[PDB]
Every structure is written in C-alpha cells, then in structure tokens.
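Participant: just to be clear, this is only the beginning of the complex, oriented as in the whole thing:
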Amino acid sequence: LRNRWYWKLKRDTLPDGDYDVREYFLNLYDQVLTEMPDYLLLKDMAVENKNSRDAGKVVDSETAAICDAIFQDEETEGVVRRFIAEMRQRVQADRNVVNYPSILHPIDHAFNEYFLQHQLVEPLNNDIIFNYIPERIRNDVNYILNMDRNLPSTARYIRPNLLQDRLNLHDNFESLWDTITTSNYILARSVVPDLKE
C-alpha cells in the first residue's frame, strides 16, 4: 500500500552492447567537460524551503522539490521531517561565504563538490594586472603605465594557460610550422607601425 523512494537515472538513454555503453560514457565525459563550470555562486541557485520554520533556503529547486516530497511523505521519519523543517543555510557576507543544504545522489554530489572545490577563478588585484604587462614594456621609459582603477577584493580572473609547446610543432611538422609562421607573420604585419614623414 506504500511506494518506496529509489534513485533512478533522470535520463535513461543507455544503449545496448558493452562497446556502445563505453561510447555512451565517453560522450558523457565530453558533456561534463564542456558543461564543467569555471566557478559557482550557490546563492544564484538558492531557493526557498517551503517547510522551513526559520526562513531556510536550499540549493537548488530540484532539492526543494525533493525536500517537499519527503516532508509530505507519510512514511518519512519524524526526525527527518523536523530536520527538513529546521535545516538552515549560513550566509557569512563578511567572509564572502555561503553554505546551503542540498539533496544529491552521491555521484551527483561528487561532481558538484569537485566543481565547487576546483574553481578556476583566482583573486585579481592591481599587482597581478601590473605583472601581466610584459616586463620589458614596464621598463621602457617611452611608455607610461598607470593603475587608475581600484579593484575590489571580490575581483576574480582566470589565468591563461601559457605552457610552452608540448607538441614541438617546430620539430618535424613542416606544413604545420609553415602555417604557424605564416599566421604569426600576418599578425605581426598588422601590428608594425607605419612610417611617417
């Protein structure tokens, strides 16, 4: 006379055959990589907990739906119901931190926890911008560089990956290297100044 709660795939689209299942998971890997976030701000996903007795919020609206369904269920333990009604987010604006309750499958939790714990945004300040300028231009007295902007402590940036060539295209890739030097030559042509007088 009662149903039971079980975890199910939201999208059950797995093919038949082991090789096609492994292909499915490669495609899943590509999907995760393309949709992988560079940063997260949970407050954007924070919604209201309908059964909260303390102005509680949860992330995300799917958690809200699940929590409401559990709260209404007659087979739920009274302690779980009371905890849903009492569980609280913590917003510490002074520390620039937020904590929200979420309901997640352990695998979903692992993915979201990895995204939260490995964001690509670093603090951005004037020293980092100044060092971003090439050093030989910071030392040329023909150029006057000034920092007339105040960056808040909330400023972030993503560092470019300027690793030197791991493929060594200058070695034994004649056609590719010809193309690389041609494109670089075109760009350098665009930036060379025109002669005057």
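Facilitator: On my side now, so go ahead. Numbers count the residues shown, from 1 in each chain, chains lettered A, B, ... in the order given.
Participant: ok, residue A:94 - how many residues close by?
Facilitator: When neighbours are counted by other CB atoms under 10 Å, residue A:94 registers 6. For the C-beta atoms, the positions are set from N, CA and C on the backbone; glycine is no exception.
Participant: thought residue A:102 was touching residue A:63?
Facilitator: Yes: assessed by CB atoms under 8 Å, residue A:102 is found in contact with residue A:63 at 5.0 Å.
Participant: hmm, who's touching stretch A:71-87?
Facilitator: When contacts are defined by CB atoms under 8 Å, 6 or more residues apart in numbering, stretch A:71-87 is touched by residues A:2, A:4-5, A:49-54, A:56, A:58, A:67, A:70, A:101.
Participant: repeat that for 6 Å
Facilitator: Residues from elsewhere that reach stretch A:71-87, judged by CB atoms under 6 Å, 6 or more residues apart in numbering: A:2, A:51, A:53, A:67, A:70, A:101.
Participant: most neighbours of all those, which one?
Facilitator: residue A:67 (24 neighbours).
Participant: where does that residue land in three-state SS?
Facilitator: Secondary structure assignment for residue A:67 (DSSP: H, G, I helix; E, B strand; the rest coil): helix.
Participant: ok, the residue nearest to it when sequence neighbours are not counted to residue A:141 distance?
Facilitator: What sits nearest to residue A:67 in space, not counting adjacent residues and going by CB to CB, 6 or more residues apart in numbering, is residue A:84, at 5.3 Å. From residue A:84 over to residue A:141 the distance is 67 Å, taken as CB to CB, to the nearest Å.
Participant: same check, this time on residue A:151
Facilitator: From residue A:151 across to residue A:141, the span is 26 Å (CB to CB).
Participant: out of the two, which sits in the more crowded spot?
Facilitator: Each of residue A:151 and residue A:141 has its neighbours counted (other CB under 10 Å); residue A:151 has more, 16 against 5.
Participant: state whether that one is indeed within a strand.
Facilitator: No: judged by three-state DSSP, residue A:151 forms no part of a strand; its state is coil.
Participant: which ones are touching it?
Facilitator: Contact analysis of residue A:151 by CB under 6 Å, 6+ apart lists A:124-126.
Participant: one more, chain B:
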Amino acid sequence: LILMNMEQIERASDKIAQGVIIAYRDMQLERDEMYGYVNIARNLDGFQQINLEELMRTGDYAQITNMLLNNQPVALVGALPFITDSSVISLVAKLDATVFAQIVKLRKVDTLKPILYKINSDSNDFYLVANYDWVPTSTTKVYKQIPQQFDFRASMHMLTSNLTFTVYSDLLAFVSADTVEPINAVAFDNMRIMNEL
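Facilitator: Once chain B is put in with the chains from before, the structure reads:
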C-alpha cells in the same frame, strides 16, 4: 569520477541488463521487493562466461553454438535489452528459454532480448501463483541490479561557495597606457631612437 561510477550508472538503467544466465536446470524465481517474482541473477557465480562483445567482434560462434546445441549452462555477459514479461502463462510456457536460437541462426548477438519475468499481483494471471501449490521456476536468469533506495542521511549535503565575486577577462583594460612624444623616444641605450632630428 566517471570511470569509477560507470558501473553504478549503467546498472541503474531500466532498459539494459548486464547479462543472462542460461541454466538448463529449473531455478526458483527470486522474491524481490521491486518485482514480486523475478528471474533475476545477483551475480554470475557458477557459470562459464561468454563475453558478447568479443563474440560480436570475432564472428566465431563455434563455442556458443556448441553450448546452445548441447544445452551447456552458460552466462552471456554484456549490455542487453530485455523484455519485461508479467504473464505467469509465459513463464509456464517457458518462453525465456526460446530466445537464444536466433544467435546460432544469424550468428549475431545484437538482437538477443532475454525475458525478465515480473510476476506479482498486478499480473492478469497472478491467481495461478496464488491458488496453486507450485514453485515458479525458469531456466534463465537476467543479470541485473536492483535500484538503490533513497536515504535522506546519505543524500543531505552542505554545499559551500563564495557569496559573490566578479570575474574579469581583459586585464590590460585596467591599465592606463600613454607614450612619450616620438621625438623624445629613446632606445635601450637611453639615447633617442632617431638622433638626426
């Protein structure tokens, strides 16, 4: 993360089983909370395993054909679509044993669709189970896993992030950059680039 959770994700799918055991002995249907009576195999212990992907790739059906002709108990392993049969009459007709001969006929395994019996009070002929003394058995079992139950304690997490920040991309846009008059531009040696004036 994907590689470690692949098996769990694949076994959660409702449209593929992980294999099928052909045991030409009469095995009692398991009693599972998710099905009622079900010819479900928890594992493959006690059977020779034929990998279906390898069989598809090689094209060599000698061992499988010899085993099927001689009624040699075997376990076909691989992602398989299955038919959910809720008819007690289908089990009494032993139709789950009728699905493998096409493997030999066609030397293919991509149309193998084993029968997963699901016998419970919702079956139209369930009275046969209820009103007679007999053990429902079948000679085949489907290697499939049971859904994981939702557990609130194992699903509730606190997600933490920053309250808010602004990401920037054009770092050099924060730099005010002037130049001296070109008449006064100097070279590395601190003398004017052009001195003929």
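Participant: and the neighbour count of residue A:94, now that chain B is part of it?
Facilitator: 7 (other CB atoms under 10 Å in any protein chain shown).
Participant: secondary structure class of it, three-state.
Facilitator: When states are read from three-state DSSP, the local structure at residue A:94 comes out as coil.
Participant: quick one, phi/psi of it?
Facilitator: Backbone torsions of residue A:94, given as degrees, to the nearest 10, read phi -60, psi -40.
Participant: and the strands in the chain?
Facilitator: You didn't say which chain, so I picked chain A. Counting by DSSP state E, chain A has strands at residues A:46-48, A:57-59, A:90-92, A:97-103, A:121-123, A:143-146, A:155-158.
Participant: looking at chain B here, not the other one
Facilitator: With DSSP E applied, chain B shows strands at B:17-28, B:30-32, B:36-38, B:40-41, B:49-51, B:74-80, B:83-85, B:115-117, B:137-143, B:156-162, B:166-168, B:176-179, listed in chain order.
Participant: can you name the residue of chain A nearest to chain B?
Facilitator: Across chain A, the shortest distance to chain B (CB to the nearest CB) belongs to residue A:5, at 3.7 Å.
Participant: separation between the nearest residue to residue B:162 once chain neighbours are set aside and residue A:155?
Facilitator: Here the nearest residue to residue B:162 in space, its sequence neighbours aside, is residue A:96; by CB to CB, 6 or more residues apart in numbering or on different chains that works out to 5.1 Å. From residue A:96 over to residue A:155 the distance is 12 Å, taken as CB to CB.
Participant: neighbour count for those two, which is higher?
Facilitator: For residue A:96 and residue A:155, the more surrounded residue by other CB under 10 Å is residue A:155, and the numbers stand at 21 against 14.
Participant: bridging residues for the more buried one?
Facilitator: Per DSSP bridges, residues listed as beta-bridge partners of residue A:155: residue B:166.
Participant: and the helices in chain A?
Facilitator: A:18-35, A:61-72, A:78-86, A:106-117, A:126-132, A:135-138, A:174-191 (DSSP state H).
Participant: hang on, the earlier thing: most neighbours per residue, which of the strands of chain A?
Facilitator: Here the criterion is mean neighbour count by mean count of other CB atoms under 10 Å in any protein chain shown, and of those the winner is strand A:57-59, at a mean of 26.
Participant: build in chain C:
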Amino acid sequence: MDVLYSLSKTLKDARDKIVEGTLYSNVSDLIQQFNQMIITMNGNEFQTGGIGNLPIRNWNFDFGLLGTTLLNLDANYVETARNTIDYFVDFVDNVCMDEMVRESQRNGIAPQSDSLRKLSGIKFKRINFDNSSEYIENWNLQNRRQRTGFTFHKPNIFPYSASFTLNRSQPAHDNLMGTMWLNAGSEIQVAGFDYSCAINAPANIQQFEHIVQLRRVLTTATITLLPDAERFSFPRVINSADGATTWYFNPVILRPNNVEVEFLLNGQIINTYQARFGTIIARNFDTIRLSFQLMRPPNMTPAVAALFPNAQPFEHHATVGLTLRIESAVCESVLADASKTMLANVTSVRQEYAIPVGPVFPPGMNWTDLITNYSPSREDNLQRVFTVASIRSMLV
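Facilitator: With chain C added, the chains above now look like this:
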C-alpha cells in the same frame, strides 16, 4: 561565579554532547547556549594574572558560531567544536586557578582576580544558565541569605589535637588520674585513666568529662559511638606537659560506665544518648559532651583483683574509652571531607605556583590551622575558592 560556572558547564555539556553521529535535536538547545556564550565572549580581552609563579596569560575570543546543518553530527563538526572548546577550557581553567590563589580580608566572598571581576559585568550575565551543582546552588542561595547546607561524608570538623589532661599528678607520675584524647578530622577517641582504679573514690567511681566545641554547627549528623578507644589501650611513654621528663602508661581496659553523649546547641541539650552504642543521630549541634565513668568492678576474679591493689605501686592502670566518628553530616559552611577534592585542589594549585602566604589563610592552607581559627572572613574566602575549585574540576 555564576558566569564562570555557566561557562564551565556549557563547555562540559559541549564536550559530552557534541559527539560524532548524535542527533541534531540532542544539541539544539546546547548549540544555542554555546553560540550565546561565543557571541558574548567575542571581542573581549582577558588577562589571567601573574601572582606567584602562575604565568601571565592573555586571552582573545574571536570564534565562529557552530552551525546547524547535519541530522547526525559528523567528524568535521566535532573537530571545529573541539577546537573552540579546548581554547575555552584552557581559559576557564586559568581563570579558576587565578581566583583560587587570591584572597581578601574584607570582601573574601567577592571575586579577586581581574578576569572573574570582568565576568561579573552585566554584559557577561547572558552566559548564565542552569546552576545545578551543590556548590553553585549553595552559593546562589547564600547570596540571597537563604538557608542551605553542604553534605559531607566524614567532615574534617575537628582540628588535629592529641593531648592529655592530668587531674591527679605527682612528680614521679605513678598515681595519675586524667584523660587522653585524639581529635582528628571526623573522629574523637577519648580515654579516662585512673592508676588507682578508683580505690579511694567516694563510691569507687571516677568521673571523666570531655567537651569538644565544634567550630561550626553540624546538622543531620550520623555518628558511630564505640565503647573503647583503641588509640589509648597499649603501653606508652608519654612526654610531660612541659616535656621535662616522660611518664609511663600501662592501660588495662574496663567497660565505660554511665556513658552519656550530649550534643548541645547554644548550651541546650539537643540530643542525649545514655549507654547507646552504634549509630546515633545528632539533629543539630555545635558541642559534644562525652561524660563517662570508670567504675571499679565490685566483684573481681583473683587475676583481676591482683591487677588492682589497694595502694601504690600501681602497675595496671584502669582505662575507660570512647570512640566517636561523624560518618556524615550537613554544615552551612564549607569544610574539608574524605570524599571531595576541593581543599586538595586549592592547596595543589597554591603549592604548584608558590603562592606567598596571604593575610587570610595559614601557610600552605594547613587545614588544622584553618579550622582552628575559622573566622567569618576565612569562611568567605574558603567558600569562594572551593566553589571555584569545584567549577574547575568539571573540566580539569
């Protein structure tokens, strides 16, 4: 005191209840009390002083409040709570030690250390919650001039005293009549000796009276009374009252006669026990009067008749005894006792930091000297340091 005790009690509750896997609802009220404590203490600087060898220590409180996020507490939550609790326990122990080593003649009941005086400020009153221990309850009731009492198993109510009174004496100390007694802690072992065995007494009876004035009133006292005094029933060579020479004592124990234990309060006869031995109850008294008679046995067997001749020399001195043991009592003032560690704790702290002798307590917190001259100021200071010591014992 109430704030210091509340801090200690909150910390003890946190240490006992904020445990891995416990229901969030086990700790909700405790988490609220703990957060109130943290909020009150945040942004306050404390200095625990440098009296004696106790080091000067500085305490800063900038701690985050505990969350409420898991249905069952996990190891991370307990770790954060334990960090905060450990710092707070260190601070409370240092405040308790600092208070335990100070004293004042005039306001000995009031706080003495800087930190406890600060904690008496109105701002910290919010920390205060359940004051349920015997000592804090007695403290609160005493601040309100309400009747309350401390229960003591074997109260150390008698200052140590092992002396004798001679009522009949000679330079040669061979025909002696008098009393010996040991008053120690909760025990009074008294004995009356007649060397002549009351040969020349008016009715062959020698009367002995021992009066012990308790320095504080005891109530609801359970007392064991036994006929003999085992401490004065073996031969002894005893110094004379000035110590010029030594006399000899060769007791032979006889049954005490007309034994009368009177427990007196304000000179009134509160409890009277005639010839009763074993367990007796003294309702409420400040004085014990033990009156017992040595009666020469009217009929003697020849060995007994030979023990006691009619005239000197006397070799077998007739001794009657009495042993009184206060096994448990109630006193309106704090006292050392056999079960509690408050005196030992205060003394250990004072000895281990070389606290100079103050103007209230005797050197080394000697209990005999303290109880002998148990003045009201000493009572106030001792109640303060004992309450602080009991607060300290809840954590250390």
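Participant: now that chain C has been added, could you go back to the neighbour count of residue A:94?
Facilitator: Neighbours of residue A:94 using other CB under 10 Å come to 7.
Participant: mind listing what residue B:134 touches?
Facilitator: Residues counted as contacts of residue B:134 (CB atoms under 6 Å, 6 or more residues apart in numbering or on different chains): none.
Participant: measure it to chain C for me?
Facilitator: 47 Å (CB to the nearest CB, to the nearest Å).
Participant: distance of that residue relative to residue B:88?
Facilitator: The gap separating residue B:134 from residue B:88 is 10 Å, by CB to CB.
Participant: look up the closest residue to residue C:12, ignoring the ones flanking it.
Facilitator: Closest residue in space to residue C:12, ignoring its immediate chain neighbours: residue C:394 at 5.0 Å, by CB to CB, 6+ apart.
Participant: would you confirm that the one you found contacts residue C:8?
Facilitator: Yes: Residue C:394 sits in contact with residue C:8 when judged by CB atoms under 6 Å, with a separation of 4.9 Å.
Participant: got the residues of chain A near chain C?
Facilitator: A:83, A:88, A:90 (CB under 6 Å from any CB of the partner chain).
Participant: quick one, phi/psi of residue C:230?
Facilitator: phi -60, psi -20.
Participant: name the residue of chain B that lies nearest to chain A.
Facilitator: With CB to the nearest CB, the shortest gap between chain B and chain A falls at residue B:150, namely 3.7 Å.
Participant: I meant the stretch 151-300 of chain C, not that one.
Facilitator: Checked against chain A (CB to the nearest CB), the nearest residue in the stretch 151-300 of chain C is residue C:151, 40.5 Å away.
Participant: the residue of chain B closest to chain A touches residue A:4, doesn't it?
Facilitator: No: taking contact to mean CB under 6 Å, the distance of 8.1 Å between residue B:150 and residue A:4 leaves them out of contact.
Participant: looking at those two, which one has more neighbours?
Facilitator: For residue B:150 versus residue A:4, neighbours defined as other CB under 10 Å are more numerous around residue B:150 (17 against 11).
Participant: list the contacts of that one.
Facilitator: For residue B:150, the contacting residues are A:5, A:7, by CB under 6 Å, 6+ apart.
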